[PDB]
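Visitor: Take this structure first; my questions come after.
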Amino acid sequence: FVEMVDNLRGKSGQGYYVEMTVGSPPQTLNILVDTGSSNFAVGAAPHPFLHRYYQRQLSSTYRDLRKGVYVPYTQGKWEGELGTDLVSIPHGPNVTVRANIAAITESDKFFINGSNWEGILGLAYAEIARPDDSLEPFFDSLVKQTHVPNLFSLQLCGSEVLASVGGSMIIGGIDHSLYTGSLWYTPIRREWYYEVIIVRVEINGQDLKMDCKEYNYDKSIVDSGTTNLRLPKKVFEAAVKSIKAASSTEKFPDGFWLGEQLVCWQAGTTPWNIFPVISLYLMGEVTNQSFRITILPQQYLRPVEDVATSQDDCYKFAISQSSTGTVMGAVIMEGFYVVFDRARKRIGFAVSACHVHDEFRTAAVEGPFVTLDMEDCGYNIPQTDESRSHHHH
Ligand SMILES: CN1C(=O)[C@]2(N=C1N)c1cc(-c3cccnc3F)ccc1O[C@]1(C)CCCO[C@H]12
Ligand code: NI
């Protein structure tokens, strides 16, 4: 899969994008890779933050579906017109597919100034597509129309401009040059988000000792479309307390722990060893087994280059509070080669050949850990009448 290696780019904190083409002849756009959503949606009108957009009128193969789509979310929205057109990934498989495309005609706090992406590739399942689960997501169309195996994998690699990032999205396979050591699999609990189950959490080898359902309240997901590691309120508080204790030689302002303020050291003198490792134990394929993924402060402290003191190394705390469950975002994924094995309803983790580390510690993937009479750590989301009333033909 050499032709797919290094096909992702982006700016730190602003998402990873892949080059895609839409229409006939091919119109190149940079598209955010988002395992936390399920629509293929592209800028299709002028916007202050867009240098270019999908020009439907320039495409001989474009078909209008005569249906609108409205997608509000926490502090943002995009909306537009549904249609289909021919789509390819120049540095992906050598195929062209007819996919659903949402042509974004209006948006609020969706596009990001300087991110260099013009659309989003929702790689999650039909259940969370908009307007409804009948709108076939891109990857579903790719698999159905081609011989491409039902699997993709992601290797996300971490003074005037933001730091550039890079990585790889391997479509249809696993590239063994992108990882070292063992590849460990956790079940996809349900096909909507890429939902998984966390059975144990340790901070510097110390168990948080919470009921494991707290770790997955109200879900735990793997999301390339989230920057941070996001933790449920109770878990976040316990984690911050533990990380504070380990790093107590340094007294940071409350702003830092809230992700609202940078902390700095003189170039190259960052005391990495005072910040603890964080281990998340994920449910194994075998009932009473788990494996752990361990990440370093190099992952959860994001470098942000300052203009006022460019001689210092400055960092944002990239663990944040959630009210919608655990989110293993770019913070987690940057340590690992992550395999979204849809065919076998599982997610694989292995140590990434590109992750940032020092000479004393490394990001790790270790197992098995077996537990006698293991509890059910999954949370069951209360069923609303709205949801219950849906018919699923
Ligand atoms: C959590 N999350 C989002 O907020 C989201 N995708 C995910 N997964 C998302 C993330 C980013 C982003 C911004 C900065 C860095 N990285 C990104 F992915 C940009 C847009 C965006 O829009 C949605 C697709 C619209 C529907 C709800 O989800 C959104
Ligand atoms: Ni019915």
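Residue positions begin at 1 at the first shown residue.
For this deposited structure, the header notes the method as X-ray crystallography, 1.8 Å.
Including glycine, each Cβ sits where the backbone N, Cα and C put it.
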Visitor: Among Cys264, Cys377, which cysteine does Swiss-Prot link to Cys314 through a disulfide?
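Guide: As annotated by Swiss-Prot, the paired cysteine is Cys264.
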Visitor: Have a look at Swiss-Prot and say which candidate in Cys212, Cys354 forms the disulphide with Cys377.
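Guide: Disulfide partner per Swiss-Prot record: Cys212.
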Visitor: Write down the residue from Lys109, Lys144, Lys219, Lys244 that Swiss-Prot flags as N6-acetyllysine.
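Guide: Of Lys109, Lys144, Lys219, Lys244, Swiss-Prot lists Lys219 as: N6-acetyllysine.
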Visitor: Of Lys11, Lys209, which does Swiss-Prot mark as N6-acetyllysine?
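Guide: Record lookup, Swiss-Prot, feature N6-acetyllysine, residue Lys209.
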Visitor: Look up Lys233, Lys316 in Swiss-Prot and give me whichever carries the note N6-acetyllysine.
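Guide: That would be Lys233, per the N6-acetyllysine annotation in Swiss-Prot.
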Visitor: Taking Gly158 and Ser159 as the modelled residues on either side of 7 missing ones, report their Cα-Cα distance in Å, whole number only.
Guide: 17
Visitor: Spatially, and counting Cα to Cα, which of the recorded positions is closest to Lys219 (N6-acetyllysine)? Options: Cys157, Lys241, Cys264, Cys377.
Guide: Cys377
